[PDB]
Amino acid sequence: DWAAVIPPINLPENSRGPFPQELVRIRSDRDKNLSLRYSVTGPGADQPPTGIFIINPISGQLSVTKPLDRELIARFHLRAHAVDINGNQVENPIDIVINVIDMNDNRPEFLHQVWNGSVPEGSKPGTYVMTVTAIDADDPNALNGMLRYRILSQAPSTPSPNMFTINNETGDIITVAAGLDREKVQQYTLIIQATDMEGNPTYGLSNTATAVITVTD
């Protein structure tokens, strides 16, 4: 006989259900000669938040009761129990782990709308200027939460239309052209764009912020 294994139960967040929705049905094969009742415990069940996951005490059917939000809780570790009439467990508790599958339901947001940095005159190419980054509430290990950066605009456009670059993963802005001269421009304004889905422009979500770089003496 194959040995009972519960797989990870992966549920997408923001389910429309309808609810309750069946997940797994467990039972003890000791029920052939003993009378059992089943229960679930843990955060999601009997610990806060309570009642997201419930089990039918007679059938051992496990269910979800409402939509989930990975951004509140991404993982539930439940334990299911089989007990006799004395109230004693007749099986080792079984682990039921629930992973909430991430949806891309969060746009990138910048901590500040305006970021200030400076860079000295005559700085050589590759000179570090500043870091601007955004945050995406989605899962950083999924595409939904993986951010890429770029410069959409630089003003003014002299002596070179691309005085800077930004590291697409880290948000480090470094100079790439020479000719930084306070007598000619004292402040460059860059528009920074963050977009998720690893910067995919066609199905990624994006946002923008601005970086003001002062050229110092």
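Start at 1 with the first residue shown and count on from there.
- Between 192-200 and 19-27, it is 19-27 that carries the larger average Cα temperature factor according to the deposited entry.
- Taking the mean C-alpha B-factor of each stretch as recorded, 150-158 and 173-181 are not equal, and the higher mean is that of 173-181.
- Based on the entry's C-alpha B-factors, the most elevated value among 62, 68, 36, 45 belongs to 36.
- Of the candidates 122, 87, 117, 140, the PDB record gives 122 the highest C-alpha temperature factor.
- Annotation for residue 111: C-alpha temperature factor in the highest third relative to the rest of the modelled chain, per the entry.
- For residue 133, the recorded CA temperature factor ranks within the middle third of the chain's modelled residues.
- Sort the chain's modelled residues by C-alpha temperature factor and residue 212 lands in the middle third, per the entry.
- In the deposited entry, the Cα temperature factor of residue 187 places it in the lowest third of its chain's modelled residues.
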